[PDB]
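J.: any chance you could fold what I've pasted below:
(one chain, ligands or ions: 1)
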Amino acid sequence: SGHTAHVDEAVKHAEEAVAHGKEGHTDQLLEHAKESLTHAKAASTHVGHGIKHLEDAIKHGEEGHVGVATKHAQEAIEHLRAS
Ligand code: NI
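T.: Residues are numbered from 1 along each chain as shown. Shown next is the protein structure:
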C-alpha cells in the first residue's frame, strides 16, 4: 500500500495493541504490535521512532511486562501520528 495507508494501519494496530495492553491482553498486544510493525516498516524519522518503540513493545510483551509494552506502544502511536 502507499505510505498513508501503512501509517494508518500501523496506528490502528498500535491503538488496538495499547487497548489490549491496558486490559492485560499480552498475546493480543503482541499480535497487534507485530502487525503495526510490519506496516510501519512498509511505510518507511517519525516512522523510525515508531518502529523502535514497536520493537521495544514486542520485546517487553514477550518479557511479561505488558504495562511496559503498552507504554512503548503508546509512544509508537505518538510518533506514527507525527508522521
Ligand atoms: Ni505498501
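J.: going forward, measure contacts and count neighbours with C-alpha atoms only.
T.: OK.
J.: burial measure for the closest residue in space to residue 61 that isn't next to it in sequence, as a count.
T.: Once its chain neighbours are removed from consideration, residue 61 has its nearest residue in residue 69; the separation is 5.2 Å (CA to CA, 6 or more residues apart in numbering). Summarising burial for residue 69: neighbours were counted as other CA atoms under 10 Å, giving 30.
J.: over to residue 1?
T.: 10.
J.: distance check, it against residue 10.
T.: Computed with CA to CA, to the nearest Å, the distance linking residue 1 and residue 10 is 12 Å.
J.: give me the longest helix you can find in the chain.
T.: For the chain, the helix reaching the highest residue count under DSSP state H is reported as helix 3-22.
J.: buried ones in that one?
T.: Under the neighbour-count criterion of 16 or more other CA atoms under 10 Å, helix 3-22 has 6-22 buried.
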